[PDB]
Amino acid sequence: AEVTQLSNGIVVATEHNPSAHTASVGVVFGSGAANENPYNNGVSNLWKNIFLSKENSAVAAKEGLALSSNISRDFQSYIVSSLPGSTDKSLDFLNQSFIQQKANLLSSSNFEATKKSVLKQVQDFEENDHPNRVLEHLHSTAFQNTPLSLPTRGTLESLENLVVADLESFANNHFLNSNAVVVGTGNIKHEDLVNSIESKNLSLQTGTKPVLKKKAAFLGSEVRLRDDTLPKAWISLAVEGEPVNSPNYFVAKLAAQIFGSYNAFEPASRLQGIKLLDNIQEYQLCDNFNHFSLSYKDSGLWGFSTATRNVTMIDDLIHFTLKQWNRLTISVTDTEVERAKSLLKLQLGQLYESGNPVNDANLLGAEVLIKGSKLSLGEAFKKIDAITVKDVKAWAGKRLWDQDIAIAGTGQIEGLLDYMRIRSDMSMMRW
Amino acid sequence: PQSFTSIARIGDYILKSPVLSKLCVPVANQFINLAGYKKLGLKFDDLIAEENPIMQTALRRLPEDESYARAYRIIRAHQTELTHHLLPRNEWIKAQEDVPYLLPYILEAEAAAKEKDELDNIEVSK
Amino acid sequence: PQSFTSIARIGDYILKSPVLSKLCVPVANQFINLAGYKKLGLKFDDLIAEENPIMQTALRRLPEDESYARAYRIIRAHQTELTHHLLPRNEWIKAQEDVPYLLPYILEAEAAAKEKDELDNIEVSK
Amino acid sequence: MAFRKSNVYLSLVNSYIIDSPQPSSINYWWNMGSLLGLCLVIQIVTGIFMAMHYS
Amino acid sequence: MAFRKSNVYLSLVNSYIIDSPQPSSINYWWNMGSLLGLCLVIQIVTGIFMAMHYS
Amino acid sequence: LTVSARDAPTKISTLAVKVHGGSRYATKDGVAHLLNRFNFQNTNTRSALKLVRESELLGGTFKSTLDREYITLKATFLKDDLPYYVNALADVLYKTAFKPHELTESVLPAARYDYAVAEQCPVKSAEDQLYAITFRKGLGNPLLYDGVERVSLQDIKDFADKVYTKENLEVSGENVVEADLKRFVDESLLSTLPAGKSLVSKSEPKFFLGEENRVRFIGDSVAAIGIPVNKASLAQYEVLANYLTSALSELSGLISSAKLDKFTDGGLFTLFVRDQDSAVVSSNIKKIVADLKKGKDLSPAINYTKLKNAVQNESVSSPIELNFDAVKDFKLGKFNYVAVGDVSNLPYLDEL
Amino acid sequence: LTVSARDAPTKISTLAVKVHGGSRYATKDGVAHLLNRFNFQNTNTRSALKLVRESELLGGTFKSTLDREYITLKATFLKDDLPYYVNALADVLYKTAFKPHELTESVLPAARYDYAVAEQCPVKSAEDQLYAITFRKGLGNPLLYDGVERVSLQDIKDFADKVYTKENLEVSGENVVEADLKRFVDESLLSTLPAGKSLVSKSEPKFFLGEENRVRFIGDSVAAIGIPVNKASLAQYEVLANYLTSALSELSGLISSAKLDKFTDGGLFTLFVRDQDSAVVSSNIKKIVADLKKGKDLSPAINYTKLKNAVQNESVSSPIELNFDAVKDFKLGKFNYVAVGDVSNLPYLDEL
Ligand SMILES: CCCCCCCCCCC(=O)OC[C@H](COP(=O)(O)OC[C@H](O)COP(=O)(O)OC[C@@H](COC(=O)CC)OC(=O)CCC)OC(=O)CCCCCCCC
Ligand code: HEM
Ligand code: HEM
Ligand SMILES: COc1c(O)c(C)c(C/C=C(/C)CC/C=C(\C)CC/C=C(/C)CC/C=C(/C)CC/C=C(\C)CCC=C(C)C)c(O)c1OC
Ligand SMILES: COc1c(O)c(C)c(C/C=C(\C)CC/C=C(\C)CC/C=C(\C)CC/C=C(\C)CC/C=C(\C)CCC=C(C)C)c(O)c1OC
Ligand SMILES: CCCCCCCCCCCCCCCCCC(=O)O[C@H](COC(=O)CCCCCC)COP(=O)(O)OCCN
Ligand SMILES: CCCCCCCCCCCCCCCCCC(=O)O[C@H](COC(=O)CCCCCC)COP(=O)(O)OCCN
């Protein structure tokens with residue numbers, strides 16, 4: 001297992017695996033939804049569905065290729081997959097359809113049909129997908145009036161004002177050679193890829209991207225979307241967390257692993273070594289929860305999400321969870337830290353060593369764009385093993401004890417108390 | 001207050017000793033006959049206080065034909081007590097019917113609660 | 001306390017009289033503007049006290065799009081009251097929007113309760 | 001329901017001395033608690049009337 | 001649940017002065033009822049200490 | 001007792017035990033579902049709580065999975081802890097306790113939740129209907145437990161003694177040294193199991209053509225067709241399922257799903273049409289059947305099928321139906337049909 | 001507007017209005033059920049509470065009844081109060097209020113109770129399946145409302161304006177002077193109704209033979225067969241239904257029920273087998289079908305059928321299929337079949 005970075009004008013990164021049976025080749029750009037403004041929000045999500053449109057997918061399918069695309073807050077990628085003997089055809093398809101010609105894809109008949117399909121997807125997301133849209137509303141209230149607040153899909157109000165000239169204006173500012181990384185994963189050797197690119201003279205455009213002026217900033221706030229005709233309540237809560245390239249990046253992920261995830265209907269999930277589960281199962285305070293530690297280029301979020309049918313005891317669920325977060329400053333034990341070390345290593349090993357080269361192409365390109373290289377899994381395991389109890393207590397005294405929070409919620413949330421009752425539970429008046 | 005695991009540990013030590021089972025076992029038979037619960041139609045496991053989580057677990061796991069018969073013996077003993085009488089002598093519990101029917105369910109629930117308490121307050125070593 | 005059937009009987013007698021509708025109707029328009037509920041964004045039927053069985057029947061039978069809009073006006077009026085302010089002047093209720101939306105549901109429930117009371121305390125004759 | 005269960009002050013009376021479920025086998029030793037309530041009323045009422053004449 | 005809701009004597013305290021739902025728009029005129037409770041305590045406590053010296 | 005493994009320079013390993021004990025071998029309705037929920041409960045020597053706490057400190061988890069052919073027991077763990085997980089999987093097959101209070105408190109409430117989740121999906125209930133009217137006894141058995149046949153605790157223990165035998169299972173490992181795995185298996189309690197017999201039948205299963213079934217349901221409407229496939233025709237219907245859901249076909253906007261389930265003795269092709277308005281469902285399924293009856297040319301989709309087969313086979317032990325080069329044409333013959341939802345406004349079999 | 005009556009020296013009278021508005025004419029699923037529960041609700045001139053209190057002091061009651069052909073409005077009362085009840089039945093057909101709060105508070109909770117009672121009887125759900133697979137649109141419509149098609153308040157008022165017409169109803173009276181009844185009907189609001197058209201079709205309905213359906217159910221198991229009957233064969237199948245459930249037949253201990261439903265254009269013969277053990281149901285239905293295929297002689301049961309027909313026709317207006325003298329033989333041909341309950345242990349159609 002080894003990565004190889006090489007620059008000749010174009011940054012080329014590979015990750016060779018001679019045991020895999022497919023190969024994957026694409027390009028990742030270093031702009032996401034946090035490089036848009038409130039008037040062209042959704043222009044990245046439209047460029048994805050233009051690339052995945054029917055006439056473009058049909059040209060690829062006669063060659064034997066498949067297409068993927070992903071939109072995030074800091075990056076976006078466009079990936080072609082094939083059998084290991086036809087990576088030259090997949091690199092040709094990325095040259096013709098995406099680099100040279102774009103007036104074929106941006107015809108008026110293709111643009112209006114794609115815009116209709118995207119507007120239906122965003123409408124069905126806002127009406128049916130309740131856990132993921134509460135987490136989207138948590139980002140917009142915590143980073144309000146700041147580039148990290150814009151949703152990755154766009155809104156229905158901002159998507160209908162978009163024309164063809166808005167997509168060409170975004171492509172001239174961000175789809176550049178100094179913003180791009182060419183990636184290759186699966187069964188493909190590194191020097192075979194750099195000689196196929198150098199046998200041509202690929203270059204997107206010369207110049208740099210615009211520089212935004214407002215930096216990300218956390219603000220303690222809340223947003224409530226009450227809907228009494230829904231059968232549950234869905235709540236997210238977080239503090240300000242760690243960015244990428246932070247010295248406390250792995251300590252924050254281990255602290256979330258201490259409290260973990262839960263499913264009340266799976267019998268083995270009920271037997272986990274988490275002390276919070278004693279209070280919750282006595283009166284059945286929720287159906288599921290999960291803790292997270294998200295990281296971006298400038299900021300991050302640390303907290304949990306939950307879903308509940310017990311709508312008269314919502315205040316007991318928030319109170320018991322926040323009293324366990326107080327113990328990370330005061331009285332976290334050594335056996336809880338050793339359990340979280342083994343489970344964080346199992347979770348990280350499953351994320352980076354799945355058998356999908358499309359997942360590996362997204363992870364490799366996003367990390368080379370920020371850091372310039374990639375940290376191996378062997379070196380990440382040695383940083384996790386060196387964390388002590390005193391590292392956890394010093395991190396939680398800075399980020400958790402007596403700090404501001406952000407709350408989002410939907411459904412039957414009448415039993416959720418107001419902000420200052422929840423804010424005062426971030427300290428004990430004992431220590 | 002004293003657990004049934006502790007009572008069975010002391011009691012099985014006496015019953016294996018051939019010299020201690022000649023002294024204490026005749027005294028225990030006179031103690032039970034002077035107690036008089038069998039003349040009201042009760043077994044000893046009907047007399048155990050039930051307002052605790054271990055006993056509520058063991059009473060849930062009892063088979064339902066034995067749960068119906070336990071409820072009739074308790075109700076008949078309350079009615080005999082308020083009339084200030086005893087049962088007729090052909091309705092008394094015999095010694096070969098005074099068996100510990102609830103004791104294996106109690107000992108199983110006590111061992112599971114002890115193992116959970118040891119895993120929740122635990123040390124490690126490298 | 002005074003029923004809406006009695007209020008409508010007195011009020012419709014004044015409005016049909018051409019001499020009484022020239023005297024009382026200018027006084028009633030000054031009375032409503034001095035009351036000031038429209039500057040908080042309320043209609044008059046939002047102000048009716050609801051803790052009685054007739055009003056609970058009429059609020060159940062209201063269509064749901066009007067029930068959602070009534071709940072928003074009451075919540076907005078409580079928030080404006082605690083800040084000791086008034087609404088902006090472009091958000092005030094206009095006179096052509098201050099319609100009795102709840103009055104036909106109230107009058108229908110009152111007539112059904114009167115007919116039930118007359119049939120329950122009734123005479124007969126051969 | 002009946003008025004002894006719906007009124008705010010009579011439901012406290014009803015759930016304590018009217019409808020409260022008792023075990024069927026308690027004997028006369030369980031009557032001492034209500035005699036103590038009568039003794040406290042007797043000591044309070046004879047106490048006030050003597051205090052009108054005491055220095 | 002929390003101990004302020006499960007205890008027999010603390011749940012009366014919790015449902016009256018801790019968790020009781022109030023309307024959000026009441027003004028300072030709604031504070032007179034709790035001042036009357038403070039006045040009754042002041043009159044009772046100064047009354048006992050003066051009664052130790054009164055004939 | 002077949003043992004095989006593959007190796008890699010990878011941090012994470014996976015171990016699996018494949019038992020021929022799926023719902024096609026079940027004695028009563030839903031017994032294979034209830035045995036699947038009894039796995040990793042209390043053992044005679046170790047409680048279920050002790051197994052979760054011990055493997056969390058080593059970094060491993062357990063899972064059990066049921067389909068129509070297999071019951072699969074799986075572990076995922078850090079690589080150097082291999083002998084702990086060989087012995088833990090052997091104790092489940094050998095000395096599960098089967099306590100009566102475990103059936104009441106854990107197994108039966110977990111199986112009621114599995115049935116209630118799958119009951120709200122009309123696509124899943126249309127697939128259950130298509131298996132029942134095509135094969136009628138073996139592959140047509142119901143997958144989950146619903147309680148129309150009552151299953152006692154002794155029925156579960158009799159089914160466990162029938163399928164947990166040495167001639168009826170195979171052991172596989174990923175990122176595992178093969179010479180170490182064969183040594184740890186021979187020392188474990190797997191070699192102390194009864195020999196028994198293999199349950200896998202050799203002959204072709206009996207099938208039926210031209211059947212119909214209609215179910216009323218509150219929600220979306222589904223129309224679905226199903227074709228049974230023999231072993232010599234598995235390559236032709238695999239190209240057809242990838243062609244119909246790709247951009248090479250003009251019918252792909254009307255089709256919700258299409259796939260081919262494969263077994264060692266044959267398979268079943270399925271196709272689904274889903275919408276909330278039943279006038280759209282009736283218009284879509286009439287155009288699909290009429291266009292497939294005229295005939296299609298499948299040879300432009302051969303290279304696309306070879307890519308999709310290699311992606312899917314990275315988790316499977318690869319039944320090699322890999323000769324796609326002879327696939328040229330297809331014409332629709334006889335088939336089965338089910339309709340779920342607003343059945344008063346859905347077509348009949350003789351109308352299409 | 002047909003009016004007829006019979007007279008007697010009897011204290012009690014009965015008046016009925018028969019509308020051709022059953023579930024075989026319904027526009028959506030369950031609209032005829034919801035119109036049947038709207039009868040004797042509030043009228044424009046009189047509330048439903050006032051109608052109950054007034055007729056109780058006179059000694060009368062009202063009822064509405066739905067079947068597959070008719071909606072029937074009925075009154076039973078003391079004899080000399082006839083003009084009050086002619087006018088009360090005329091106001092229901094003419095000026096029912098159809099308030100939206102009456103649909104929410106009264107009609108829909110009453111129709112949910114009707115559906116939940118009939119859902120627990122597996123004999124009734126087997127008869128609903130036999131009608132659906134035999135006729136498929138007219139007589140195969142569902143009888144009750146379940147909510148898979150939503151029905152608005154305007155849908156109910158459109159169906160009432162379609163069936164409450166003068167060419168679509170008939171008035172009948174028992175213990176009623178006929179010359180007085182024709183005078184009171186012509187003075188009432190029934191003569192102010194629209195003329196309209198009759199909904200009764202003249203031709204034979206379309207039927208299907210050799211169909212099958214299976215439903216899973218927790219409870220008893222039912223096996224049932226069904227045969228469609230034309231108009232010339234109604235006398236033969238009436239003798240067969242009385243012969244099979246009498247002491248003249250050795251098969252009567254195995255049969256739970258057998259009957260013949262009659263209409264003006266034909267009928268449907270049914271037979272049912274019910275037991276809580278499905279091995280008894282499978283043994284019973286195999287002996288019934290095999291013995292009916294060899295042939296039976298029906299002529300010893302002719303005089304017994306003529307007695308049973310006269311007892312049943314005392315409440316019916318007597319469709320005269322009364323020539324039982326030509327009935328000699330019967331041999332079973334093609335038929336339809338349904339199975340409800342533990343369907344894994346019940347026979348299939350080609351196995352019997
Ligand atoms: C007798 C011994 C008892 C002593 C204590 C009793 C107090 C009785 C006073 C009467 C009363 O309770 O009602 C008061 C009422 C105002 O009610 P409101 O909620 O609408 O005003 C909220 C304010 O805008 C924000 O008030 P905020 O909360 O922002 O600041 C507090 C303010 C002082 O507040 C008080 O002391 C309340 C008594 O602090 C400052 O002034 C800052 C500069 C130092 O006032 C009125 O409605 C009319 C004003 C005259 C009332 C006098 C009539 C007496 C017979
Ligand atoms: C639980 C309640 C009470 C108890 C146990 C109690 C007990 C006593 C006793 C033992 C004596 C001495 C009697 C003697 O030997 O002469 C006494 C005297 C007295 N008590 Fe009480 N008392 C109670 C309540 C009250 C109250 C509530 C009052 C006044 C309002 C009161 C007023 C007096 C007076 C005036 C005397 C002196 C007259 C006398 O000697 O009888 N007592 N009390
Ligand atoms: C609601 C409670 C009470 C009220 C409104 C009240 C009121 C009064 C008033 C108006 C006076 C006359 C004061 C003066 O002008 O000098 C007085 C005197 C007195 N009260 Fe109270 N009282 C209360 C409670 C009590 C209690 C509970 C006690 C004894 C335990 C008590 C003991 C006395 C005494 C000893 C005096 C005479 C001394 C003096 O003049 O201040 N009071 N009370
Ligand atoms: C197990 O179930 C039971 C149960 O079996 C029983 C019997 C009882 C009832 C028994 C009791 C003892 C309850 C009654 C309590 C008392 C009687 C205590 C007395 C309480 C007081 C507050 C004493 C104050 C009373 C007075 C009369 C003082 C006032 C004096 C005055 C007005 C005289 C002065 C007037 C002038 C003009 C000088 C239960 O409550 C109960 O629980 C559900
Ligand atoms: C709508 O929501 C509300 C709400 O708005 C408010 C304001 C309250 C406020 C509550 C109160 C104001 C409480 C009311 C006050 C009382 C009940 C006071 C009662 C008075 C006493 C108990 C007097 C007792 C005094 C003594 C025993 C002192 C005795 C003196 C001694 C012992 C001297 C010491 C002797 C020696 C020798 C040293 C609510 O409870 C409430 O919920 C419903
Ligand atoms: C915590 C310990 C202290 C509690 C003590 C409880 C016992 C108190 C005394 C009980 C005696 C019953 C008093 C009469 C009950 C009838 C009250 C009534 O009719 O309610 C009112 C009349 O209002 C009054 O005037 C009350 C006067 C109270 C006088 C007490 C000194 C009408 O009855 P209502 O319809 O409101 O009943 C529903 C209540 N939720
Ligand atoms: C006459 C008017 C009466 C009005 C009543 C108002 C209530 C006044 C109480 C004020 C608060 C008192 C705090 C009590 C502390 C918690 C109770 C407790 O500790 O109970 C017990 C221990 O028992 C005791 O020692 C009682 C102490 C006597 C208190 C006498 C003042 C706590 O243990 P437990 O687990 O049983 O609590 C759950 C009860 N449902």
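Quick note on labels: first sequence line is chain A, next is B, and so on, each numbered from 1.
- Nearest heavy-atom pair, F:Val222 versus F:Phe272, reported as atom, atom and distance to 0.1 Å: CG1-CD2, 4.2 Å.
- In this structure, G:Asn141 contributes its side chain and G:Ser23 its backbone to a donor-acceptor pair below 3.5 Å.
- Using a distance-only test at 3.5 Å, with no hydrogens or angles considered, no donor-acceptor pair links the side chain of F:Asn345 to the main chain of F:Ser278.
- Proximity of a side-chain donor or acceptor of F:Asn42 to a complementary backbone N or O of F:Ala48 within less than 3.5 Å is detected.
- Side chain of F:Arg68 to main chain of F:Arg24: no donor-acceptor pair is present (N/O by atom type, distance under 3.5 Å, no hydrogens or angles).
- The residues G:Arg216 and F:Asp29 are annotated as salt-bridged, a charged nitrogen and a carboxylate oxygen being separated by less than 4.0 angstrom.
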- request: Starting from the C-alpha separation in whole Å, work towards a yes-or-no answer on side chain to side chain contact (heavy atoms under 4.5 Å, CB included) for G:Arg274 and G:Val123.
  value: CA-CA 8 Å; G:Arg274 173 174 183 160; G:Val123 163; 3.8 Å; yes

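- A distance-only check finds no donor-acceptor pair linking the side chain of F:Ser233 to the backbone of F:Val229 [under 3.5 Å].
- Side chain of G:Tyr337 to main chain of G:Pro347: a donor-acceptor pair is present (N/O by atom type, distance under 3.5 Å, no hydrogens or angles).
- Considering CG of G:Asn284 and CG of G:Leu251, their distance stands at 9.5 Å, rounded to 0.5 Å.
- Other residues, nucleotides and ligands place no more than 12 heavy atoms under 6.0 Å from the CD atom of B:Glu64.
- Between the side chain of F:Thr65 and the backbone N or O of F:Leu73, no donor-acceptor pair lies under 3.5 Å.
- In this structure, F:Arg136 CZ and G:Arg214 CZ are separated by 8.0 Å, a value rounded to the nearest 0.5 Å.
- In this structure, CD in F:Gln120 is found 11.5 Å from OH in F:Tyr115, a value given to the nearest 0.5 Å.
- Here OG1 of F:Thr165 is found 7.0 Å from CG of F:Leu169. Values are rounded to the nearest 0.5 Å.
- With hydrogens and angles ignored, the 3.5 Å screen pairs a side-chain donor or acceptor of F:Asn336 with a backbone N or O of F:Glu211.
- One N or O on the side chain of A:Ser269 and one on the backbone of A:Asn263 form a donor-acceptor pair closer than 3.5 Å.
- Rounded to the nearest 0.5 Å, atoms OG (G:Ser282) and CG (G:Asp277) are 8.5 Å apart.
- Other residues, nucleotides and ligands place no more than 12 heavy atoms under 6.0 Å from the NZ atom of G:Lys287.
- G:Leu260 has its side chain out of reach of G:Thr270: every pair of non-hydrogen atoms, C-beta onward, lies at least 4.5 Å apart.
- The backbone N or O of A:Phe265 sits nowhere less than 3.5 Å from a side-chain atom of A:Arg270 that would complete a donor-acceptor pair.
- Residues G:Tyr25 and G:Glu69 come closest through the heavy atom pair OH-OE2, 2.9 Å.
- The shortest non-hydrogen separation linking F:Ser203 to F:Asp265 is O-OD2, 3.3 Å.
- Considering only heavy atoms from C-beta on, F:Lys162 comes within 4.5 Å of F:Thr27 through its side chain.
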